[PDB]
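The sequence shown begins at 1 in the deposited numbering and counts up one residue at a time. To start, the structure itself, in structure tokens.
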Amino acid sequence: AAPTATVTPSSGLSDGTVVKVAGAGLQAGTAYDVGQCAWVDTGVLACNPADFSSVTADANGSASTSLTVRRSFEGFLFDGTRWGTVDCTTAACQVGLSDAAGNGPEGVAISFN
Ligand SMILES: CN[C@H]1[C@@H](O[C@@H]2/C3=C/C#C[C@H]4O[C@@]4([C@H]4COC(=O)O4)C#CC3=C[C@H]2OC(=O)c2c(O)ccc3c(C)cc(OC)cc23)O[C@H](C)[C@H](O)[C@@H]1O
Numbered sequence: 001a002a003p004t005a006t007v008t009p010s011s012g013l014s015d016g017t018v019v020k021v022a023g024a025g026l027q028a029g030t031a032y033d034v035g036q037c038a039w040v041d042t043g044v045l046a047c048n049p050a051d052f053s054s055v056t057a058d059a060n061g062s063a064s065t066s067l068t069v070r071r072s073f074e075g076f077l078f079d080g081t082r083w084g085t086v087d088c089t090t091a092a093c094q095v096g097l098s099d100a101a102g103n104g105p106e107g108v109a110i111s112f113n
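Structure, rendered in structure tokens:
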């Protein structure tokens, strides 16, 4: 089984709901993180600490956890600085997983009606 991730709902969340992101086939033995982060530029990742979960890829590496994600969301910049409230109505925020080496599986693009 190859790595992947089932996240849902991807849209119709509304400010204050919870989405369920999952991973399957990830590095079987690598603690991956799981949350809502948006790329607003070349190497700019503003994530929100309200969906920051984490689990290690077990035998195959399945990780399913629910978290709260909305349109505007803390733009935590991976550099100690904060980018500001990242309005998901401007950029595309994906719900995905990752590890602490440099990168990991991808994220699912959510939508806000
Ligand atoms: C290994 N580090 C690289 C990685 O960093 C990601 C990252 C971004 C950020 C931020 C700040 O909130 C903090 C802390 C760290 O310092 C602070 O001040 O706050 C964190 C973290 C992170 C954890 C990593 O998650 C991921 O790896 C990740 C990803 O690469 C792509 C999509 C992801 C998605 C969609 C979700 C997700 O769940 C967490 C993780 C990822 O991608 C950045 C673009 C840079 O290249 C970084 O050098």
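Even for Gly, the Cβ is constructed at its ideal location relative to N, Cα and C.
- For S111, which residues from the same chain have a beta carbon less than 7 Å from its beta carbon, with the 5 sequence-adjacent residues on both sides left out? Working through the sequence shown from its first residue, we reach residue 111 at position 111. Contacts found: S10, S11.
- Item | Beta-carbon spacing of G25, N60 below 7 Å | The sequence position of residue 25 within the sequence shown is 25, counting from 1. The sequence position of residue 60 within the sequence shown is 60, counting from 1. The criterion of a C-beta distance shorter than 7 Å is satisfied by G25 and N60.
- Exposure of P3, with buried meaning 16 or more beta-carbon neighbours within 10 Å: Start at 1 with the first residue of the sequence shown, and residue 3 comes out as number 3. It is buried - the Cβ of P3 has at least 16 other Cβ atoms within 10 Å.
- Message: My assumption, with CB atoms under 8 Å, is that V95 sits in contact with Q36. Please give the rounded CB distance.
- Response: Working through the sequence shown from its first residue, we reach residue 95 at position 95. Working through the sequence shown from its first residue, we reach residue 36 at position 36. Confirmed, about 5 Å.
- Item | Of the listed residues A38, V108, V34, nearest to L97 (C-alpha basis) | To locate residue 97, count along the sequence shown from 1; it is residue 97. Taking only the C-alpha atoms, the option nearest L97 is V34.
- Query: What residues in its chain sit with their C-beta under 8 Å from that of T89, if we drop five residues either side in the sequence?
  - Reply: Here residue 89 is taken as the residue at index 89 of the sequence shown, counted from 1. Excluding residues within five positions, the ones whose Cβ falls inside 8 Å are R71, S72, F112.
- Query: Tell me, which residues are paired with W39 by DSSP?
  - Reply: Counting from 1 along the sequence shown, the entry for residue 39 is found at position 39. Paired residues: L45.
- Item | Range covered by the beta strand (DSSP E) that runs through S14 | Working through the sequence shown from its first residue, we reach residue 14 at position 14. Segment: none, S14 is in no beta strand (DSSP E) and carries neither H nor E.
- From this set, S53, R82, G102, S62, which residue's C-alpha is nearest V69's C-alpha? As a position in the sequence shown, residue 69 is number 69, starting the count at 1. Of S53, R82, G102, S62, the residue nearest in Cα terms is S53.
- Item | Own chain, CB closer than 6 Å to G107, minus 5 neighbours either side, in chain order | Position 107 of the sequence shown, counted from the first residue, corresponds to residue 107. So the qualifying residues of the chain are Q94, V95, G96.
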